[PDB]
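K.L.:
Next up is a structure, given as structure tokens.
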Amino acid sequence: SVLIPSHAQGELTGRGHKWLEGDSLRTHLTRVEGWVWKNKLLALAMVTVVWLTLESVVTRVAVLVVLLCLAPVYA
Amino acid sequence: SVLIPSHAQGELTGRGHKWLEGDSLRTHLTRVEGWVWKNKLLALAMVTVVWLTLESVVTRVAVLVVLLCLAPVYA
Amino acid sequence: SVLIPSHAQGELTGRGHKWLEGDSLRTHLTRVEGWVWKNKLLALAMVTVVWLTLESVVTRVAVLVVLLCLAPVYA
Amino acid sequence: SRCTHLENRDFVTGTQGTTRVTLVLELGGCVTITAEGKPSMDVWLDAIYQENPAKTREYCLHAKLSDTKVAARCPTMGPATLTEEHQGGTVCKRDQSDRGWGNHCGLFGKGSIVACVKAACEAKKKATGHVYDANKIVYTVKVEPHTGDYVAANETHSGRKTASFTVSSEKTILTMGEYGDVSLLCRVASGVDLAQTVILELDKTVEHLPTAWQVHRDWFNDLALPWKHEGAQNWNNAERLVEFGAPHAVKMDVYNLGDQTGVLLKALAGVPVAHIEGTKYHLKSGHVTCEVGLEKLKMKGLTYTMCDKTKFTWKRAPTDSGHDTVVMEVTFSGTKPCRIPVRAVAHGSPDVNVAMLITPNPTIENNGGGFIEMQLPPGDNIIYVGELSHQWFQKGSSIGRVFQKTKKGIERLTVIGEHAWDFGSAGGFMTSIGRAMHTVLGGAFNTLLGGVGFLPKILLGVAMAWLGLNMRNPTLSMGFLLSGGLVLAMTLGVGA
Amino acid sequence: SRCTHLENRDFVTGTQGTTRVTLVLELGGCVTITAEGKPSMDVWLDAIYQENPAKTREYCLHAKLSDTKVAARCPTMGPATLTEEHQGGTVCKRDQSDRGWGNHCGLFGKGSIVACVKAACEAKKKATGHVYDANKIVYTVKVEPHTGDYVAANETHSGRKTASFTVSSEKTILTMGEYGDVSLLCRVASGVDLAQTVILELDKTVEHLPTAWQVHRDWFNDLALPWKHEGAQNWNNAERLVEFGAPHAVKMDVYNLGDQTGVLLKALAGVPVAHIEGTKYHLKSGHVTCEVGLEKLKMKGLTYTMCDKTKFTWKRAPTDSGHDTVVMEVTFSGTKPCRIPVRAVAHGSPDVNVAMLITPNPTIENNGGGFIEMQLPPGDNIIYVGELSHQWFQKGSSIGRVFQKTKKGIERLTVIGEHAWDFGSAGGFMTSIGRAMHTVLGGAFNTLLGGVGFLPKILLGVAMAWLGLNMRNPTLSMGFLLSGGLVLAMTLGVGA
Amino acid sequence: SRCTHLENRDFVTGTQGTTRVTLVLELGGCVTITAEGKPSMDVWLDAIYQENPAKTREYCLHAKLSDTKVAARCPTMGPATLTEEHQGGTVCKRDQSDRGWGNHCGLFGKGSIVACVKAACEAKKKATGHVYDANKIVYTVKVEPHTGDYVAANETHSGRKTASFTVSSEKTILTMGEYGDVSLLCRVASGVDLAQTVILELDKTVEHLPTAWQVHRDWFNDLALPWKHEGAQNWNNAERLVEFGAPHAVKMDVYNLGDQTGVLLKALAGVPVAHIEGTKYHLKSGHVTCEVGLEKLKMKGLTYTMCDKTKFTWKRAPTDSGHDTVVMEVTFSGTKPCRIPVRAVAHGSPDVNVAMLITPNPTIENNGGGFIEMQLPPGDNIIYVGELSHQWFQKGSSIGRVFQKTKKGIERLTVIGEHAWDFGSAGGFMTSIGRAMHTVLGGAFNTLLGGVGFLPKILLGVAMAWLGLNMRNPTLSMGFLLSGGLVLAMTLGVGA
């Protein structure tokens, strides 16, 4: 029933202890670097459909960074 | 007492217990990552000079795909 | 299994007793010559095929030295 | 049936009227042979051995050094000399030291110095090669009938009979009890190539090492250690475990290169193990080709009454063997010697018994019986033993069975080589072209590349294919493409 | 004159206005100062040591194994576990035995097996690292004044003086009797790098090995072996000397990979040797930048009478030193305290003295004297000591001497690197250009190719230059020919 | 008539020559069989259960921590080490604290600290998984005859018979009293996949939760919590519920992540319930396939005389069942036993009886009877029981009936999968195509996309349609549009 969304990195006491240090940037980069070695074959399908369907290296690179940043948000 | 060669992987009959396992490409390709990830550093960029030297995509990919299994194998 | 890669040879200041002279040209040149004396049929095939196939003396010399120096190394 | 104990089981069958079957038997394998109206039979190779095979080279793993001496001479006094330079079992080096008034010479310059040390082996530190004699090798083939009864790995089945084979004794007849007689012919030629194979012994006493290794002869001839033949008191090449310090004035140091500077670990990785048992030197990876005659075999109890259908109970309810077969055991009570009325049926037409019995004509005898093995079609079946009935679901499909039999087939080729074609209940003309192509291409690949490592065989194959694409001549291009692709495929042939 | 005993000697010239000189003293070397109007001095670095350095890791080279145990559980009956699996000082493997009715299971399938064994090092088979403390290291420098007296490499010169330098020590003075005082400064921060250097000890009592080796820290910190720190009872790395055989149904065998001493000593090929002497750990390769001051020095005996020219007789006649100098010893029969009339003449021109003496103002004294050393021009010369004469042919040429100093410069610059520019009686503006350019251009090579092996450095340098012959612009072709040539030039000197 | 108590009911039909019907029976479903001239039956699956299924893993939901200890070392004094690192039931971490003069260290730098704590589960805070054994599951099927008497839900009917099915059963025969015998066969394999289900138990004593849940096996193996199997005292992966504070000089906090019960109960949202009752472990979802044979069933009361048409009165007036049938009950005062003269008619002709009775040949017994169920066509009608007459208006239409019978078929197809094609009394060619298409196309979707989340499946289907519109090749374009539609239809058919 009850749902409790954990809040953003807004309040930041600069020199005191955190609780569990869920610092999202380095944590999500670590999650992405885990996902691309555990689920390694699926990246070939994602890069090839982008490489085939988008008409420039600029638009290919622009989606691939976003797609790989999104990849571990789903299963 | 140096340069005892590693025993050849062929011509000896199987189907009973061996002493250890190794030296096929399935194993050997994994050994050199422990040099590349810590010592190679700036020289990891040499993929660019090989790519800019050779004539075409199919030849650049073919030379890089074979180099990766032999070029760092100095010991 | 235990692996102990050889110490880098030039890194330490000299002018006293070293334990042995390093592998240098000595171990490499005798390792390469000894392989040509054993795999005679393949070594003769490799040099004659390369000489009959590649389109310049300089690219032949490059490929011959590369194929010789990387053949015996897996021990 | 000993055949149920191993993962590496095999099955081959004699067709209507076929009296003979040809087998290849292997130390880690077991074959159930079945033929119409003959008792099912299991055959395997239990040992390959010789007693006290001939010693070849002994090699030294750890040098002992003792009684070192040195002599040196002032500049222009000529070369220094020792008695020990002429003896056996000494290692020596002759070298020049810088000299002057500070070290009691009359002139400054280069003198001459010679240093010596005795060489021996530490008490148990020898690597010994032993080699087989074809005239004295013993193979050992064993046979077991399907007696309808069960035994563990650690139980003595009374139905097992044994036959030794050696070059003077190729054929034997075994009496299988009430099941009749079976005839074995073993060629002791073919099999393990005893010209290429050396048995390597280090020290039998060590608590945590295998007693021997099955090493190749061309490798064993090249070990860069000190070495000798048996009975000699002095070591050839003893300088291969001694190094000499740079000379200073009138002194020169001698050094070992150390304990176990030799064969164990990373050199022998991937070599098959071997075993030494008193006088016997066994291989533990190897084969023989053997012909079995099925003429003189009888089936027990075709004259018996069938069981009274109500009087069974299960002792072991149906389970899956792992070999695509079902195994079960029944208890009975009543009149003792009897046939068991076994059958199984699908959800199609009910009159059709679909069970292929692997135990032919199953029985209960006075002392024991009532184990059955059977094979069924895929999907949903009911199994019957009188009034006992039990539902069963069979895994896989008619296509899945074939892919498994194909993988077993390819694996026997990759292990055995050209002799793999002799495994079968037939020897028809197509086996001759099969062996002819395997003899030529196997001999060619062995001749050119037999000592080459896995990675450089792949590099050569990639070079052949890429040169084949770059060649301007189409005949040479195509030959390099075909040979390069074959070299890659047969290099990668280490499994399936 | 101790600096004549070594194969390695150097000369620094102090022209008037030179009150102080800067040296890079090295182990295995000696320097002589020849100052205009002041006695010549021998100066050298004699030891670098610490009493009881701090232990770092201990490794074990040969495993002892005992009390092996195994436990297994039937398919679906849950995973196996055993009490030793959570203790310290044990190695364990968890694996899947194949099981079935033949092996006393109820079902056919993969079970669970666990195997255990204890581990220890055999009593003498350790490798111990030790590390230096910059606040407790001792550097020892020695000086010996040219007394004109010669004593061998195995006896004690009375006028030899010692200075022992630590981080505590300031500029220190040595009083040399009638020659005055020498004032001396040693810079402990300007020598060996104690952060990167480790001393490796195996067993000291092994009669035919050196007592310690010197190794780089970022090699010693990542060997693949069992490791520990002092006084702990148990070994602390996931075991690399123990290995587990393929599982049977209810058993699994443990293997010991044996003594690694031979593969360690092979991997140490190329490292400097060190020495251990009771509680003292000595480096046997190393240097310190050191500064020596001369304003307090006097020539002894400048007021003394001349000798009777007629009363000299040879005690050891002129001979060549190997350093391009002539050495001799004379005896005198007159009243002893006096100045020796040494001179030398180019043959046919007695007007000009060509004796460049290394011993300034030679004398005889009541207790000893009469050693002389000089440098003469090539060709025919006469040497005089009063009315004694001898005829000397000096080997060599003016070009050969300039070549010899050139070679000796490149040797020190190759061995010692950036600090080699600080060696001399001068510090003029060009030395700042040299040390700056060496720091930048040598630092680029050390940054980009640090730790790359000798063979692959050559292959990469040759490849970069060879591809440089055919690049798509002449600027790149030139830049990769120049940088490829620099890589080979650094590598083929000592940059391995 | 138990089928009237339930919200789900299916009707099955057949001619005299049919003899056998194939059904899929479901928990919470119910079937009424209405073959020509046979007494009608209700059939349902009442329970699927085992007594005492075997435990798989236990998991801990609330870590209890006790007896924490900590140890620390100065910079350069090596690692900190403590006894509790080498025990069962402890969890530990090591880190580098900052040190200096202010916390009693000689050097300023990173030291070493280790922190240890004991770990256990609070008294009732486990999750236990249980798994079924296909050899021990009991399926209970019940049968009830349409006896023409009404017994409510929550009271007992004398005519009900129970068949218990386990893997050791064929056809069983139930004597349905005077209505003769029904023959019934259950396929105990297939439908429910017992290898993929875990019955999950938290605590049976908690008043306000279900006793168990029907979780999927691939999910239950991936729970990131501490775990063990039965009878072991230690917990594996205890570091999942302890997390450690940043280190101080000589202390380091241990924090407990608390009771996880609420996070698990949220993660289980959308998983079916299961029930535990003493030793029994029931599923409350599942199905079985049965073949039911009608041949031995007897019509009761065909020999009896008619009732007096005048002597009836209503007890329950005609009322809508909600299953497209009319339900009624009558009371009678004449001679017994006898047959009830029941008929129904439409205003278009007084002669044609339009009652399709569900209760066949309804009677009054000496101590029961008098209930009738019937189906009437759409429109306006009169129901007669002798001289009793009652008007009726039947809701819906012939097209409305075709819709509701089609709609209920799609519910079987989505809830039951390929077993939906087995439900019926007679064959027809399109059922062979429908099963092939379903098992192929549904097998492909489950192979390629099966476990993927609902919104990701929609996004992939919409992306496939976008590729179908945007990619230039017309064959690939149409294939992406067709396959994207199929992916979206099957995705939307399961929801979130």
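How things are named: the first chain in the structure tokens is A, the next is B, and so on; residues count from 1 in each chain; ligands count from 1 in the order shown.
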With chain F laid on chain E by least squares, using all C-alpha atoms in order, how large is the RMSD?
P.N.:
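Fitting chain F to chain E over paired C-alpha atoms yields 0.9 Å.
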K.L.:
Any chance you could tabulate, as a Markdown table, the residues of chain C at most 12 Å from chain B with each one's nearest atom pair and distance in Å to one decimal, using only C-alpha atoms, in chain and rising number order?
P.N.:
| residue | atom | partner | partner_atom | distance |
| --- | --- | --- | --- | --- |
| C:1 | CA | B:20 | CA | 9.3 |
| C:3 | CA | B:31 | CA | 10.9 |
| C:4 | CA | B:75 | CA | 11.5 |
| C:5 | CA | B:75 | CA | 8.4 |
| C:6 | CA | B:75 | CA | 9.0 |
| C:7 | CA | B:75 | CA | 11.9 |
| C:23 | CA | B:2 | CA | 10.3 |
| C:27 | CA | B:3 | CA | 8.6 |
| C:28 | CA | B:3 | CA | 10.2 |
| C:30 | CA | B:3 | CA | 10.1 |
| C:31 | CA | B:3 | CA | 7.8 |
| C:32 | CA | B:3 | CA | 11.4 |
| C:34 | CA | B:3 | CA | 10.7 |
| C:35 | CA | B:5 | CA | 10.5 |
| C:66 | CA | B:71 | CA | 9.8 |
| C:67 | CA | B:70 | CA | 10.5 |
| C:69 | CA | B:74 | CA | 9.4 |
| C:70 | CA | B:70 | CA | 7.6 |
| C:71 | CA | B:70 | CA | 9.9 |
| C:72 | CA | B:5 | CA | 8.6 |
| C:73 | CA | B:75 | CA | 6.7 |
| C:74 | CA | B:6 | CA | 7.0 |
| C:75 | CA | B:6 | CA | 5.2 |
K.L.:
Could you superimpose chain C onto chain A using every C-alpha atom, matched in order, and tell me the RMSD in Å?
P.N.:
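Per the least-squares fit, the RMSD is 2.3 Å.
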K.L.:
Of the candidates D:443, D:367, D:309, D:149, which one gets nearest to residue 329 (chain D) if we count only C-alpha atoms?
P.N.:
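Of the candidates, the smallest distance to residue 329 (chain D) is held by D:149.
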K.L.:
Out of region 17-75 of chain A, which residues get alpha helix (DSSP H) from DSSP, as a VMD selection string?
P.N.:
chain A and resid 24 to 38 42 to 53 57 to 70
K.L.:
Point out the residue among F:465, F:276, F:330, F:77 with the least atom-to-atom distance to residue 205 (chain F), counting only C-alpha atoms.
P.N.:
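For residue 205 (chain F), the nearest of the candidates is F:276.
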K.L.:
Near residue 82 (chain F), counting only C-alpha atoms, which residues have an atom at most 9 Å away, once you skip same-chain residues fewer than 4 positions from it, shown as a PyMOL selection string?
P.N.:
chain F and resi 69-71+86+114-116
K.L.:
Grab the residues selected above and save them as a compact mmCIF listing (two decimals), in the first residue's frame with C-alpha atoms.
P.N.:
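After the write, out-v6.txt holds the following:
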# COMPACT_ATOMS: atom_id res chain seq x y z
CA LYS F 69 34.46 -5.53 18.25
CA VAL F 70 37.00 -3.28 16.45
CA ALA F 71 40.83 -3.18 16.05
CA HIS F 86 37.67 -16.51 11.06
CA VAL F 114 38.76 -3.87 10.95
CA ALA F 115 35.24 -4.06 12.45
CA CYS F 116 33.36 -7.27 13.35
K.L.:
Using only C-alpha atoms, pick whichever of A:29, A:12, A:61, A:68 has the shortest atom-to-atom distance to residue 46 (chain A).
P.N.:
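The closest residue to residue 46 (chain A) is A:68.
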K.L.:
Could you list, as a CSV table (one decimal) with C-alpha atoms, in the first residue's frame, the residues of chain D having an atom within 7 Å of chain B when counting only C-alpha atoms?
P.N.:
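File part.csv, as written:
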chain,number,residue,atom,x,y,z
D,28,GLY,CA,36.3,-44.0,-19.7
D,223,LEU,CA,64.1,-31.0,-21.7
D,224,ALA,CA,66.9,-28.5,-21.0
D,225,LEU,CA,68.0,-30.1,-17.7
D,240,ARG,CA,72.3,-26.1,-17.0
D,241,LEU,CA,71.7,-25.8,-13.2
D,261,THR,CA,63.9,-26.0,-11.6
D,262,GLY,CA,62.2,-28.5,-14.0
D,266,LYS,CA,52.9,-25.0,-16.2
D,267,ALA,CA,54.8,-27.2,-18.8
D,268,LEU,CA,52.6,-30.3,-18.2
D,269,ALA,CA,49.2,-28.5,-18.1
D,270,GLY,CA,46.8,-30.5,-20.3
D,271,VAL,CA,48.7,-33.8,-20.3
D,272,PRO,CA,46.7,-37.0,-19.4
D,273,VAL,CA,47.4,-38.6,-16.0
D,284,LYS,CA,44.4,-43.8,-18.1
D,285,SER,CA,43.5,-42.4,-21.5
D,286,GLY,CA,43.4,-44.9,-24.5
D,415,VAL,CA,38.9,-37.9,-29.4
D,416,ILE,CA,39.7,-41.1,-31.4
D,451,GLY,CA,53.7,-29.4,-32.5
D,452,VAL,CA,52.1,-25.9,-33.1
D,453,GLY,CA,50.2,-24.2,-30.2
D,454,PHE,CA,46.4,-23.5,-30.4
D,455,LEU,CA,46.8,-19.7,-30.9
K.L.:
Find the residues of chain D in contact range of chain F, meaning any atom within 9 Å when counting only C-alpha atoms, and list them as a ChimeraX atom specification.
P.N.:
/D:380,382,388-393
K.L.:
Would you put the residues from that selection into a file with N, CA and C atoms, as a compact mmCIF listing (two decimals), in the first residue's frame?
P.N.:
# COMPACT_ATOMS: atom_id res chain seq x y z
N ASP D 380 3.54 -38.34 -23.34
CA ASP D 380 2.83 -38.80 -22.15
C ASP D 380 2.43 -40.27 -22.28
N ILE D 382 1.69 -44.28 -19.99
CA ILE D 382 1.46 -45.05 -18.77
C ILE D 382 2.26 -46.36 -18.85
N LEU D 388 0.22 -53.19 -11.23
CA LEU D 388 0.91 -51.92 -10.97
C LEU D 388 0.89 -51.06 -12.23
N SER D 389 0.49 -49.80 -12.09
CA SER D 389 0.44 -48.84 -13.18
C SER D 389 0.91 -47.47 -12.71
N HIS D 390 1.68 -46.76 -13.53
CA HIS D 390 2.34 -45.52 -13.13
C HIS D 390 2.46 -44.59 -14.33
N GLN D 391 1.95 -43.37 -14.21
CA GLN D 391 2.04 -42.38 -15.29
C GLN D 391 3.50 -41.96 -15.51
N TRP D 392 3.86 -41.53 -16.71
CA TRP D 392 5.21 -41.10 -17.04
C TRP D 392 5.21 -40.01 -18.11
N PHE D 393 6.06 -39.00 -17.94
CA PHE D 393 6.27 -37.96 -18.93
C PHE D 393 7.70 -38.00 -19.45
